[PDB]
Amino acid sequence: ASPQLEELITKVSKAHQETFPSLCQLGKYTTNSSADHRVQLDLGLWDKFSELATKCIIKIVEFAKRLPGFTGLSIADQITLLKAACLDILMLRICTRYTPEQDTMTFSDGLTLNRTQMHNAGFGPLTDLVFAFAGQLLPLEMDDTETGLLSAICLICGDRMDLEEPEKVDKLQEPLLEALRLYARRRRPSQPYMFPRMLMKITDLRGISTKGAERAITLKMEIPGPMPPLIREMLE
């Protein structure tokens, strides 16, 4: 149907893959830090978790700038969209790295934490709800292209508060929505509820990112200094 749409799919897929390695491509390793009992916070796991979060924020920015038209938005709007969506995309990303058989999540350096360690690294009381979100992503069996498109749709959203040109953002989102439906239906024609199910996960993701911002407030009181500067940028 449209060469332009096919190219958009290819571009978004490549941008995702090049900013987010697949679980299969990573050499996993583990830590024995606070591995068998939940505690309020393990500072060694927090330091590594938060370092890895900073690095992924920079990768999400890199991803965003590869999305067609994103750099043609005002710099203010680019920053507003990134602030509004980066926690959503972080959470989607980590949940895509869930290995159910071991109940672990894997970071982009290969660090593989069990559920107790994810709790102890900072998720705290939000841990099991995030793992349940990850578990309910599994039946969708999304591929990397679908994850990348969904991430783009989450980011390029015209409803965000304080956008200067929300209509322009909406027009950038339209082909991404078209692209995801076309791709998802082509890939699995006998599962036509996959596209609407994927879109409704954006709503679920917003709920868990809202809870994540609430957790950031209590976590701040548990750690001995401020959070890393790019995390604070995301949270404001």
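Heads up: residue numbers just count along the shown sequence, starting at 1.
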Could you check the entry and say whether 141-149 or 160-168 has the higher mean CA B-factor? 160-168
Can you tell me whether 181-189 has a higher mean C-alpha B factor than 33-41 in this record, or the other way round? 33-41
Residue selected from 176, 52, 200, 26 by maximal Cα B factor: 26
Here the Cα B-factor of residue 67, set against its chain, lands in the third termed middle
Where does residue 88 sit by CA temperature factor within its chain: lowest, middle or highest third? lowest
Lowest, middle or highest third - CA B-factor, residue 129: highest
So where's residue 104 on the chain's Cα temperature factor ranking, which third? middle
Can you work out whether the C-alpha temperature factor of residue 234 puts it in the lowest, middle or highest third of the chain? middle
